Each structure stands twice: as structure tokens, then as C-alpha cells.
Enquirer: 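This is the structure I have questions about; it appears just below.
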Amino acid sequence: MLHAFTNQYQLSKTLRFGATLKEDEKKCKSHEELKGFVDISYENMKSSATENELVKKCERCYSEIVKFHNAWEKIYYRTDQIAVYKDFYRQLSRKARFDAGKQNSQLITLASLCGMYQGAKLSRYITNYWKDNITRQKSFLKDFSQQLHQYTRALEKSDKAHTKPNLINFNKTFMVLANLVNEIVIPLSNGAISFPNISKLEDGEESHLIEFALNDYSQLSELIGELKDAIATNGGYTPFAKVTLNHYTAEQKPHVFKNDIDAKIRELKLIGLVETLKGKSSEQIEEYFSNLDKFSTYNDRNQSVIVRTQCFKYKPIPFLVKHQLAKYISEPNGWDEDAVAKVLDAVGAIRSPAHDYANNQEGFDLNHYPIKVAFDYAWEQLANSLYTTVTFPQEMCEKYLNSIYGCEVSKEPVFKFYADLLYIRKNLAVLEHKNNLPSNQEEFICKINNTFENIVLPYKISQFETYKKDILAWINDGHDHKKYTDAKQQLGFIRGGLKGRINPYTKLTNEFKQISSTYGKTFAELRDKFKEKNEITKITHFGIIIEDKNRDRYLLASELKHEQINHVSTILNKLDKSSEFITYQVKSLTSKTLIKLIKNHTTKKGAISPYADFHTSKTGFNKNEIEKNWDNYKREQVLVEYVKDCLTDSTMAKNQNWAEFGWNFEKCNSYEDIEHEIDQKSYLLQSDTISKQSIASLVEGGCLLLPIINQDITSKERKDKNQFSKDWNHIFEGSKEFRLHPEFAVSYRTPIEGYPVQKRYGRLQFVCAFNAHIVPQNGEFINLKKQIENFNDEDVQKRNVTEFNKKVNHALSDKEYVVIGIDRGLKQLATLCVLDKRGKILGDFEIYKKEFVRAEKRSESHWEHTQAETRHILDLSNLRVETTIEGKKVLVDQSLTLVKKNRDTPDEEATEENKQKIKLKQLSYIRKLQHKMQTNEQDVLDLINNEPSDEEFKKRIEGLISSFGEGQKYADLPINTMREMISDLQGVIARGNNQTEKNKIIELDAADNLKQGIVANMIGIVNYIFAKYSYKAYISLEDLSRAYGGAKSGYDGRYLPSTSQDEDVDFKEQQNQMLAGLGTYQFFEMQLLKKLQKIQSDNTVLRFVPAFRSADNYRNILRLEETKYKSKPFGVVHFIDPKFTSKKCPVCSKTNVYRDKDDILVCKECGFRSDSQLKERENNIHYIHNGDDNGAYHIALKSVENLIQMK
RNA sequence: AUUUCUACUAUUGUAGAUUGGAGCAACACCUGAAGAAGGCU
RNA sequence: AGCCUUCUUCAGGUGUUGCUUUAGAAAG
DNA sequence: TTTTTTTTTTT
DNA sequence: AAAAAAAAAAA
Ligand SMILES: [Mg+2]
Ligand SMILES: [Mg+2]
Ligand SMILES: [Zn+2]
């Protein structure tokens, strides 16, 4: 029943909030009762916030780091000179894996640590820890120095720009090196490592340690931090802090990913490759790769993806993961690290058949090279040889191409046409050589003429003849250079897409998409989980949430820096139960913590376990069967009862009061049941109180007080209107259903120059990115990791979709549901028709409009809504859901109200239309102009020569830019925007032709934000209509996956193939490319399906489509069968075949119809016309007004008719 | 005016949408280079 | 010797379509 | 039952 | 109507 529509999946959600107070006069003041401390903390945070320059900076930082490393390497073992603070000693005892003991001094000299722990002196653990850090940072110094010297010699010679390393690996190698160096430098500069025994005079023999004890390490710290902040700033946001609200997580160690690393290495079959390839030299590994059968190894799915990759295209292993990986796999296997590094450097060594034939023609073989490499060489050199003598192995190339295609390639009309076009291009290039004209141009003119008159086309190209006439007219008579250049460019576009199109080669390239994607995926995951080893400090701050009497909420976070004192303790000791400010913490527990408590207990003779409080006296603990046999020992009942006893009756359970979580392990007969109970129940929002004097003492001690701000929690009247603010106020009810994750990150965005302080981009914006979790409390819920496991397997995903829509169809079978069909297009971006379950068209939708009403008291100005129309089948293009001032949710047509030409002009009239597809049309025109600025810059600059009028400027654009493809041609061209762009380009070129300034103009504007925002309006409409029918509905969509024919690109005139010609061609993306990147079909699908899986009803999440992550999780699903029409059920959403939805009569169901010039549907076999809307018909067929209405009606009707038979 | 996006208003704002961080793969063009082939003077 | 076109490769930038990983306490 | 054409759109 | 042609479904 209705419980089939509740959510059983755990969901993560990021709720970003502002952390900077806007101080305008048109912004309501908030956070007033701690405003002085907020200002103090903001001044404190503002102080410590921010390829040739980057690498000069990297060289200086590298030299300073090497100097520090060489000096520190001779001093770390000097226990008679080094001392540590007490809190730094406690953190060291955690990090170096020894027991701190009891210390009665505030400054603990390492000479005083003569006590023996587990067979070694206490200071020997510290010295061994520093030696291990020195070794690790020495390795990463070598690794970073290699890349730095490579990229330096690349920049210092102009001839070596092809030798630059990958920038991502350069940045990440420096980040690891910076972490390892900072591990020593930050305590040294903080004073946590000091040299107290130095005041005595030993300058004649101890000058090195005296010099090192004073170096002002804050300078090296600042340089490292500056480079770190430069690297970490992506998208305008720089990471600032990582704050935790659970203080048991503040001293977190890096997570160990050894099982995932081993599994990924096992998937790569990397160990077998190193075994077969070690002992070989570099030329011997090259010979091994040369002797492979490329085609059979490429199609053998049981090979390494590394080997399968190297036999289509050369792809080296990335630098950082290769150096981490060789060191990881060498020492366990008994191998030398240099030998395995030599093996990994030789994988993907790029080799050129043209170069190899140039140097030595004997022993040459095209079978030595990858398929794409040898194909490119053979194809290009065979195409040239049809008209001239070319130094290349002709018979070998012919055999190679014939073996791929199964026919004689040099006789194929496609290859012959390619060779003809290439010969024409060559002779034109001879005639165009302005530096050196030929002395006898008639030879090349006659060559071009004879080549054009002898071309046999392999297929029909309608515009080839006019290109031929333009080129021939310019070379013979010289009429018009513009049409000649356009024809030459279009023949270049024709020639470019001609290569490989004689289906086997397309199949191989489509396979390489998946193969190289798997290769990159696995190496990126391995790189990410190797970097975690050196992520020593993960939590930077410990914080609490503070609330005052006005419900303004703050974050008070203390930095966990190495000092004399404990910071977690200095906050926790200032909380009372009788003070004036409310405080919140997260008290929680996970199975992730439980496994770390279980597996890391030590039961040896001399050791003192950090986890001895968790472990009781029951018999279930066996260290050998926990370390070596965990997956088999965890299914024993003795371990289950031991873990239950540890969770119920241990010292940790009684000190931390785990009885407050309300666990019940009586029905838990497994370890996984215990995990599920802990994950479902272990959350509390712990409320204490703090005083203003305590906050005052903490803020001058270095704590940061940040306000938590969004638009409607800091407004005058503070009703929650966004879903984020409703979620935010739902967290502080303390329920387990909706949780606050204890860990979150703080970032900042520096202001953009040219923006006022009144707008957010002229302001230093701090952002707190809180994470919320939806954990279902009603039964067996499904966690995030299980979801990731299911999304990676397509068969499990198919089974899950099948069972989900089985429950869905059972729930709705006997109810009076409706079917909502949505058509998609360009004239109407979406059209919506609701059908009764017997097929009757439903709908008397009230369509509203807005007027802004100025009030006498100016703060009381508001919008008023009046009903404008009544519509049955809805064009969703210009509609949006609005809440009126009375609180009623209505449908408003945004196009019925005019907007103002200039913003913030209250006394001006509104005169401009507000159609939403015109926005997409204008952005497409802007992107087309930018593309032509990149490729045809002089043709773009010629549009504004003699200061043309708007009409002449329009007709000059039409010879350069193609039309949008819907409506009248060039109907809404953004003339004033485009002319300003061309003027700015002309200004930049006149000021010295700087490339960065040009890139700020000619690079394509992103289309995703605009069409996401436009789609979101229609998604809100569909959610409103779905809620209107009490969620008893099915949604019917077209399966727009197949392209029936070709298209032309929106950027060039370039041909786009069909799905029959290239199996990976999608109709939605072909339509996207035709519109120069402004198609909204897939955005509509993805946003609708993401809306339908997390629908809110005021406290509860309702799920209507199955769980999915990627686009291949709702695509690639089973089809419903034994039905009238083909359909793919995805929950309540059905994807029907789009065939004969627009070309069908609503009355007689015949397909001999046509759409009139006004998009009126006319039937040629029964006289039906959509213009006769006053003649009432059965099933409200007279509601259909267009061909889009007809398409939406038939989209709904196919799903209606197969839902009748299906249930 | 915004956590942010889209459309607005000038209402100490309004309406809808909103899961963030780091990346990987293919394609398009631009910029900096290299190798090869053929051609011109 | 100077230069041109063509093909391929390397690095980056910007777009377009996709796909992963990460997001609660680690002693042999 | 075979076969061709069907989602998009304009001049 | 067209338009470098596959699987679904009209005749
Ligand atoms: Mg449609
Ligand atoms: Mg349509
Ligand atoms: Zn009819």
C-alpha cells in the first residue's frame, strides 16, 4: 500500500550555508547578540586568507624544503637537545604507537624519556617516527624534483613545450610532499619542538644545531601554505577548515584502504604483468609489447586492461600513482623497487611508425604498433600515394587496412573520395603560398580542375556542387574570396569525418572508450587511496553550534594546533546546564568506528591497548582469528555475543553512556545485524549551555565564531521557504530520521574586482558545507556503501528496478490513478497531458499571472496573482509554480508579465517579453559567435567594418552563423550583446593581441546553468501536478535514445551521424550538438528522475523511482513485455517508444496526418482538425490544440493502454 | 539583492530548483611545441 | 637555405556529453 | 506477415 | 517534404 512509497535508502545531502554577514541597509540585521565576536573572528579569518609563476614558486619552495630536510635529518635523533610540549607529546604517543605514561612537567625533554615501553625506550619511538617521516619525505622530494626539473626545462626552452608533465600529478605530488614536510615544520614553528639545552656556549663545535634552532620556520610554513592554497583553489573556492562536531573524531588517523588497494591491483592483474616483465630491459619490454597480437589481445576480456589499452593506443601510467604503486608492490613481493619502476615506466612508451620507418626501414612491421597508431599511419600514407610517390611501406599498409575492413581499401569510393579531397587541398595550398608562388600556376590549376571533374561521390552530398563551383571560380576567374574560403572550410569538414567510414574501426573506437575509461578510473581510485596514507591531519577544528534567544545560530570552532593546552578540553570545560546560550554537539557511533575498535585491540604482555576500555572479559576475543580470519570469524556466535557484550557492558559503553542510543541487540543474530542497529540508532544531538563570558574568553584565545546565514533564516519575517532552511530547522529537532553529519568543511571565495560590495561576488564569502543524512528508521534500511555496490553491477540494478516497480504496480493497480504524458521538443520545451486511466483527457488548470503592487508603506509592496486562463494540455515552457501572499500554490505563466529593461528601476515601465526559450536561443547565438571568434577571427572582425546599422549587422551575421533551428530564422538574435563582444575583441587585438584577454572573450560560455534553471521550472510544475493527484500517477516519457538520421553541427556545418551508423550516437545529444549545446531533453529526464526519488511530505521522504546514481542505471533496464507497446518501467516513470505519437489521429488512429503551418494537426482520412476546438468530442479529444498536444496525448495513451493490459 | 543556480522585483527582497569535494574518459575548438610525409622558391 | 600544406603526438585552457572515488575514533 | 520509417524542426 | 536507413508497429 502507501508504505510501498516510503524511502528505505540512506541519502546524503549537502546544505551549504553562508558564513559572512551582509551589512547592507536593504538586508535585515541578524546575529546581533554576538556581533562583536563575529567581527573579531572575521578579522582573524580575513588575515590568514589569500604556469611560469607557479613553477618559480615551486622551485623556491623546493629549495627551502630541501634545505630544511637536510638540516633536520642530522638533528632529529638528538634526544639530549630536543624537548616537546605535553599535548604534543600526547599526540605523538598516539601517532608513534606508544603509551604516554604520566608526566609531571609541562615541557618534557626527550632525555627524560628513558622509561621502557614494550621493549624500547619512549624517546626511541619518537625518533623512529621522525626517521620514518624523513624517509617518506625524502622519497617524495625525489619524486617532486624529477617533475619540477622536467617542467622547468620544458619552460626554459621554446622547443621543449611538448615535454611538460601532467599538471594534476605535479600538484598532487607537491600536496603529499607539503603534508609530510608540514608534519615537522608546523610543530617546530609553533614551538612544540624546541631546543632548551642551547643557552650554554658550544658555538665552536655545535654551530649546526644552534643555527637550526632559529630559522623562522613561519616563512617556510607561509610559502608551503601559499602553494597549497593556490593548488587547492578550484572553482573560485579555497578550502579553509575541516570542522567536527563529535570530539571523539578530532584526533582521527588516516583511514586504511589496504583491502580496496589490493582488490584494485588484483583487477589490474598488475602483479602478473610485473612478473612477466621484470628481468627484461627497456627494449625487451618494448619487444614484448611489439610481439603481441593486437587484435586478439584487444578483444580478449580476460587480459589486463593495461595490456588491452596498450594495443589500441599508447597510454602511460600516471606519474604519482606509478611511483606510489611500485613502492607498494615491490617490498611485499621481494622485488627491487627500481626493477618494478623500470617495468611501469616502460608501459605505454609512445613510439611512432613514421619515425621508425624514417630511421630504419628493415624489420619494420605495422603489427608492432597499436591499432589506432598503425591505422592512422597506413590510412594517411596510402591516401597520399594515390597521386604521388610516397616513402612508405605500400604493401604492408594495404594489407593492414584490408585486414581491418575485409575489402581492398584503396579501391573503396570513400577512401578514393578522401584521397581526392586531400589532393585538392594540397594543390590549393600550393596556389595559396603567398611567400612563394609557383612559376607555372596552370599545372596546379589543371590538377585541381581534373580532380574535381573526376570525383565520384560515395553518397549524396547536396552542397558539394556549390563548394566545387566556388573553388573552381576563384582559382579560374577569381570572383569572390569569401565563398572560396567557406567552400574550402566545408570541404575540410567533409574530409575530416570521412576517415574510417568505409564500422569495424568505429566498433574498435567505441570499445576503447570503455577500456580507457576503466584504465583511468582504476588508476585514479588507486591514486586517491594512496594519498590517504599521508593525509596526516584530517580534522583541523573542533566546533559546537551556538544558538541565541533570536534563534540565530553560530559555529564556534577551535583550531587543534600544537600548543601547551588541549583545545577540545578547553571548550568542553566551559559548558554548563544553566547558562544563556544553547549549544549543540553530535553524539554518534558508526560501524566504521566499531571495526576500528575491534580489530586494533592489543593483548600482548607488555602493551597497554588504547582500546582496552571497549573490550570486556568475555572469551570472544581472538587476535589471530581477527587479523587473519575476519570474514570467517565474524560469523561465529561467540564473537557476536562478545561484540554485544562490549557494546553493552564495557567501560567505554558506561563512560560514554551508550545506553542513551536505545540499542536492542536481542534480535541481532549476526555481526551485520549489529552493524545495522548501530548505524540506524546511534545518533544524538547533545544540548548544553554556554555563557557570553565563556565565548568571550574563547574568541580571544583563537576560536572562530561564524554566523550561519542564508536568505530566509536571516530575513525580517523568518518563514522557511527554501528546502535547505526547512532541512536546517529540521536538524535541530534532534531526530534520528534526519541527521547532521559531524564533519563538514569551511571554504572561502575571494571577491571579484568590478563587483560592488552590495552583491555577493564583491564580498569575501565564507561557506559552511554541512552534510545531512536521511536514515530510515522504520525497518531494514540500505546504507550508502551497499548502494554503491549495487550501482556498480548492472544485473543487480536490473533486479532492483524490477522488484521496485513490482511493488509500485501492486500499490497502484486497484487505485484510480492517472497517467501524465510529457512530450519534448523545441517549439514547446515540454508539453503535459494528464489522462484518466480509461484514457479521458483531464485538466482545467488555472493559469495565473503576477502584477507587482507598490504600497504606501513601501515595505509592504508585494505581488498579486489573478487567474488569466484555463488550459487543459499544458505547455510547460513559460510556466512556474508560485506561492501567493495568501499561501496558495498556483501555476503562473511568466510570459504574461513584462519585465524591465534595466534592473533596479522602480519608476520605469516594464516593456520586455519573458519567454524562456528565447534565453536558450540567445545563448546558442552567443556560443556560435564565440566559436567563430576562435576559428574565423578575421571574419568576425569584418562584421563591424564601416559601423553598420542593425539590419546590415544582422545580414552580415547570417553569412557566418547558422540559424537556431526553431521559429523564424534569426528571429531573436542578440544584436547588442554580439556587437559589444566583437568590439571588445577588436579592442583587445588593438592593445597588443594578448591571449588571456582574448580567452576571456572567445572561450565558450557554459550553457548548463541556464538550461538547468529553465528545466527546474518545468520540474517544479510536474512535481506540483504529481502532488495534485495525491501521488497516484504514472509518468510517461519518450525513449529518445535513437537517432534515425543525420544532422548538422551547430558550431560548424559538420555532419553528425545517426545511431545506425555509429551505435553510441544518442538522439538527445545529437539534438544538443545541432543546437550548439542548448538541448534540454536529458536535463529534463535527469532532473525529473532525481526529483521523484526524494519527494518530501513535511517530514518524510517518499520514493517513486528506483535508486540510481548514473544515467546507465535508469537506462539499461528491462523492458515490460507481453504488452501492446514497448516500454521501460522505471518506478512510476515509463519510457515508451516515440514512434507514431505525433503522426497519429486522435479520432481514427490513422497515421495519414500532417501538421499545418500553425502547427494545427490535420487528418487526411477523417477530416479531423485541431482548430475546431468548440466541437465537443468523447474523451475530451477537443482539448488537443496542436501537434505537441497530440504528441503528449499519445505519449500518455500508449502508457494507458499498456497499463490496462499489464495489470 | 541569493549557500548556489535560473527568472525577477527594488518588497530590510520574491518564486521555483538545489549534494558537496576531488577527479577520470571520449569529443570539439583554441594556444604552446615535437616528429614524419609531400611540395614551393 | 627559407617557407607552405597535410597527418599524428605531447602539454594546457574552455566547452559538450558521460563515468567513478571520497565524505565518524585504525597498534605489528 | 513483411517492410520501411518513425522522436526534432523551417522554408 | 526532406534528410548519408535501425527496430517498432501500421497496413
Ligand atoms: Mg516527442
Ligand atoms: Mg514536440
Ligand atoms: Zn483521423
Side-chain angles (χ1 to χ4, degrees), chain A residues 12-14 16-18 25-28 97 159 161-164 167 246 248-249 252-253 255-256 350 352 354-355 358 376 380-381 384 388 390-391 422 425-426 429-430 433 435-436 438 459-460 513 516-517 520-521 524-525 528 588 590 592-593 596-597 599-600 602 710-711 716 723-724 742-743 745 758-760 767 769 771 825-826 852 858-863 880-883 894 899 904 906 914 931 934-935 965-966 995 999 1003-1004 1006 1009-1010 1012-1014 1016-1017 1019-1020 1038 1040 1042 1044-1046 1051 1058-1060 1067 1069 1071-1072 1077 1110-1111 1126 1137-1141 1143 1151:
Chain A
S12 288
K13 190 184 190 176
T14 293
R16 293 185 297 191
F17 274 86
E25 294 293 328
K26 292 302 185 181
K27 176 77 198 79
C28 199
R97 270 97 164 161
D159 291 331
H162 64 289
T163 64
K164 294 173 187 180
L167 187 66
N246 191 2
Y248 290 107
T249 286
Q252 173 185 353
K253 281 171 154 165
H255 189 76
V256 169
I350 302 176
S352 179
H355 195 76
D376 288 330
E380 178 66 15
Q381 295 282 39
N384 291 316
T388 187
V390 168
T391 311
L422 198 67
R425 178 60 192 123
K426 173 184 173 283
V430 175
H433 194 187
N435 304 330
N436 296 115
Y459 40 74
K460 186 180 289 293
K513 286 183 201 167
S516 58
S517 186
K521 269 204 309 183
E525 175 174 2
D528 282 347
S588 54
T590 62
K592 198 189 193 190
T593 299
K596 300 185 179 194
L597 296 179
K599 293 197 80 179
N600 298 285
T602 300
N710 72 5
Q711 189 179 56
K716 185 197 179 188
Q723 187 63 57
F724 275 21
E743 295 185 339
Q758 188 274 331
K759 291 175 71 175
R760 66 214 171 274
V767 172
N771 194 21
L826 274 66
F852 193 76
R858 297 292 299 274
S859 64
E860 285 170 354
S861 314
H862 57 101
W863 291 98
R880 197 177 67 202
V881 177
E882 302 219 0
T883 303
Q894 307 307 126
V899 297
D904 209 359
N914 198 7
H931 186 78
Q934 293 171 37
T935 76
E966 176 263 336
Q995 190 60 51
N999 280 349
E1003 282 176 339
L1004 295 189
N1009 269 354
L1010 172 61
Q1012 175 187 48
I1014 286 177
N1017 296 340
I1019 297 314
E1038 278 164 318
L1040 300 175
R1042 168 165 280 280
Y1044 303 150
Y1051 310 95
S1058 64
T1059 315
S1060 61
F1067 174 63
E1069 161 66 354
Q1071 211 75 3
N1072 185 65
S1110 65
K1126 298 309 183 182
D1137 199 280
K1139 186 183 286 185
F1140 294 116
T1141 52
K1143 197 177 281 284
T1151 68

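What you see below is based on every heavy atom in this structure, not just the backbone, and it leaves out hydrogens, waters and symmetry mates. Order of the sequence lines sets the chain letters (A, B, ...), proteins ahead of strands, with each chain counted from 1.
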Enquirer: Let me confirm one number: the OG1-NZ distance from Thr388(A) to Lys426(A), rounded to the nearest 0.5 Å.
Expert: 6.0 Å

Enquirer: Considering only nitrogen or oxygen atoms on both sides, find all protein atoms under 3.5 Å from nucleotides 7-10 of chain C and state each distance.
Expert:
from   : atom 1 : to        : atom 2 : distance (Å)
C7(C)  : OP1    : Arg495(A) : NH2    : 3.3
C7(C)  : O4'    : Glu380(A) : OE2    : 3.4
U8(C)  : OP1    : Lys499(A) : NZ     : 3.4
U9(C)  : OP1    : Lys372(A) : NZ     : 3.0
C10(C) : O2'    : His162(A) : O      : 2.6

Enquirer: Starting at the 5' end of RNA chain C, write a dot or bracket for each base, bracketing those in Watson-Crick or G-U wobble pairs whose two distances are under 3.5 Å and using | for partners on another strand.
Expert: |||||||||||||||.||||........

Enquirer: Can you pull the contact range of chain A along DNA chain E, 5' to 3', using atoms under 4.0 angstrom from its heavy atoms?
Expert: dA4(E) to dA11(E)

Enquirer: Looking at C19(C), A26(C), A7(B), which one has an atom nearest to any side-chain atom of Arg880(A)?
Expert: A7(B)

Enquirer: Could you check which of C8(B), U41(B), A25(C) has an atom nearest any side-chain atom of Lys596(A)?
Expert: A25(C)

Enquirer: In the 5'-to-3' direction, what one-character label does each nucleotide of nucleotides 1-11 of chain D receive under the scheme B = base within less than 4.0 Å of a protein heavy atom, S = sugar-phosphate only, - = no such atom?
Expert: -----BBBSSS

Enquirer: Does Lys716(A), at its NZ atom, have more than 12 non-hydrogen atoms belonging to other residues, nucleotides or ligands within less than 6.0 Å?
Expert: no

Enquirer: Whole angstrom is fine here: how far is it from NE2 in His862(A) over to P in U12(B)?
Expert: 13 Å

Enquirer: What integer distance in Å separates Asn1072(A):CG from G15(C):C1'?
Expert: 11 Å

Enquirer: To the nearest Å, give me how far apart NZ (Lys27(A)) and P (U12(B)) are.
Expert: 11 Å

Enquirer: Provide, to the nearest angstrom, the distance between the CD atom belonging to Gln723(A) and the P atom belonging to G16(B).
Expert: 11 Å

Enquirer: With a non-hydrogen cut-off below 4.0 angstrom, is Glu25(A) in contact with a base, only sugar-phosphate, or nothing?
Expert: base

Enquirer: What nucleic acid atoms does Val390(A) come within less than 4.0 Å of, heavy atoms only: base, sugar-phosphate, or nothing?
Expert: sugar-phosphate

Enquirer: Output the rounded distance in Å from CZ (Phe852(A)) to P (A15(B)).
Expert: 12 Å

Enquirer: How is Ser12(A) classified with respect to the nucleic acid when contacts are heavy atoms under 4.0 Å: base, sugar-phosphate, or nothing?
Expert: base

Enquirer: Decide yes or no for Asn771(A) and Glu743(A): does some side-chain heavy atom of the first lie under 4.5 Å from some side-chain heavy atom of the second?
Expert: no

Enquirer: Please state whether the base of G24(C) and the side chain of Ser588(A) form at least one donor-acceptor pair under 3.5 Å?
Expert: yes

Enquirer: Which letter, B, S or -, goes with each nucleotide of nucleotides 20-25 of chain B from 5' to 3', with contact meaning a protein heavy atom under 4.0 Å?
Expert: B-SSSS

Enquirer: Round to the nearest Å and state the distance from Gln758(A) atom CD to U12(B) atom P.
Expert: 12 Å

Enquirer: Using the P atoms only, state how far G16(B) lies from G24(C), rounded to an integer number of Å.
Expert: 33 Å

Enquirer: Checking contacts here: which listed nucleotide (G38(B), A26(C), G18(C)) is nearest the side-chain heavy atoms of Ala1111(A)?
Expert: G18(C)

Enquirer: Considering every strand and a 4.0 Å limit on heavy-atom distances, what is the contact class for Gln711(A): base, sugar-phosphate, or nothing?
Expert: base

Enquirer: With sequence neighbours excluded, tell me which residues meet side-chain hydrogen bond (donor to acceptor under 3.5 Å, both in side chains) with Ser1058(A).
Expert: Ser1060(A)

Enquirer: Which part of the nucleic acid, if any, lies within contact of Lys26(A), taking any heavy atom under 4.0 Å across all strands shown: a base, the sugar-phosphate backbone alone, or nothing?
Expert: base

Enquirer: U6(C), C29(B), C3(C): which one has an atom nearest the side-chain heavy atoms of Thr935(A)?
Expert: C29(B)

Enquirer: Rounded to whole Å, please give me the gap between CG in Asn1009(A) and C1' in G16(B).
Expert: 15 Å

Enquirer: Which nucleotide in the set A15(B), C8(B), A25(C) lies at the smallest distance from any side-chain heavy atom of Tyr248(A)?
Expert: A25(C)

Enquirer: Could you work out the separation of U21(C) and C24(B) based on their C1' atoms and round it to a whole Å?
Expert: 10 Å

Enquirer: Expressed in angstrom and rounded to an integer, what is the separation of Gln252(A) atom CD from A25(C) atom P?
Expert: 5 Å

